[PDB]
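Here, residue 1 is the first one in the sequence, and each next residue gets the next number. These values consider heavy atoms only, across backbone and side chains, with no hydrogens, waters or symmetry-generated copies.
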Amino acid sequence: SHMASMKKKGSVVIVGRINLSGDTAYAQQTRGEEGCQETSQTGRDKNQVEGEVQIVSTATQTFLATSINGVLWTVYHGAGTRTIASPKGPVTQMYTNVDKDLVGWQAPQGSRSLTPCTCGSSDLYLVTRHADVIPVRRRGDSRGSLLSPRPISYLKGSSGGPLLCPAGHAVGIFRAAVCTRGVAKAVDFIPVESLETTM
Ligand SMILES: C=C[C@@H]1C[C@]1(NC(=O)[C@@H]1C[C@@H](Oc2nc3cc(OC)ccc3nc2C)CN1C(=O)[C@@H](NC(=O)OC1CCCC1)C(C)(C)C)C(=O)NS(=O)(=O)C1(C)CC1
Ligand SMILES: [Zn+2]
């Protein structure tokens, strides 16, 4: 009831990336925890952004975000309604869909965007926050099975990351793990068509 002391949530902050530009996939950190905390409060991030897949953080969570068609997409359960930090101050979401667990902001200058897949192919690849590439067979509009199941620990923090086709197009955004006895045998993802409709 005391508005003058009500706090504001900070921005989502880009803290690294999954580098996919060469022959080896690897995670890079571009900002530490202390600098992330300060950037989240100000919303002013002057760091150079590169690549398609970003590692992002709030004060309490860390996850991924993926650029497709000029929009940096991630999950609502990670970002909520938060702004993203940017060189000129906080930037408001341009898409928010809690029913799909989806949000998006204009893609940062310097990022590169994935192209939405039109191959109609079901041999996919999930990219995790540790730069593991996980073969996934598509099993429906929004589901795929891991060829080699993994404990959910291995997937935790990778929501917002991409599923790609063999040609490297974006097929979907990783949303939730399909888990029994803590082993992920399948994944739930936001299909790129749903992004394209949301757009
Ligand atoms: C392990 C890595 C996972 C990718 C990951 N995802 C999650 O943990 C998501 C968030 C939440 O699901 C949702 N929450 C929502 C919340 C909303 O408004 C608040 C609105 C819409 C939402 N829609 C969904 C689906 C639960 N869940 C799951 O996966 C759960 N399995 C599940 O529910 O399966 C069913 C059957 C198959 C379909 C759904 C599980 C039990 C924890 C494994 C991950 O990495 N997250 S994350 O980065 O660590 C981190 C928490 C961000 C930091
Ligand atoms: Zn494709």
Checklist entry - Ignoring hydrogens and geometry, is there a side-chain-to-backbone donor-acceptor pair from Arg129 to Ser158 under 3.5 Å? => result no
Checklist entry - Listed by chain and number, what are the salt bridge (charged side-chain N to carboxylate O under 4.0 Å, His left out) partners of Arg138, not counting sequence neighbours? => result none
Checklist entry - Under the salt bridge (charged side-chain N to carboxylate O under 4.0 Å, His left out) test, which residues partner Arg139, sequence neighbours left out? => result none
Please tabulate, one pair per line, all N/O donor-acceptor pairs under 3.5 Å involving side-chain atoms of residues 190-197, not counting sequence neighbours.
from: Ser194; atom 1: OG; to: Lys100; atom 2: NZ; distance (Å): 2.9
from: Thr197; atom 1: OG1; to: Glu193; atom 2: O; distance (Å): 3.3

Next on the checklist: Running the 4.5 Å side-chain criterion over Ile, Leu, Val, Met, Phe, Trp and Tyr, what cluster does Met6 land in, apart from itself?
Outcome noted: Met3
Residues in side chain to side chain donor-acceptor pair (under 3.5 Å) with [X], at least two apart?
X      : answer
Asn69  : none
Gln106 : none
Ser67  : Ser113

Next on the checklist: Could you work out, with side-chain contact (heavy atoms from CB on, under 4.5 Å) as the rule, every residue matching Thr74, not counting sequence neighbours?
Outcome noted: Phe63, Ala65, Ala79, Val103, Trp105
Give every residue pair that meets the salt bridge (charged side-chain N to carboxylate O under 4.0 Å, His left out) criterion with at least one member in [range], sequence neighbours excluded.
range            : answer
residues 158-168 : none
residues 158-176 : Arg175-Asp188
residues 102-128 : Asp123-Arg137

Checklist entry - Please, which pairs that meet ring pair (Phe, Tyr, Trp, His ring centres under 6.0 Å) have at least one residue in residues 66-96, sequence neighbours excluded? => result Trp73-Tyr95
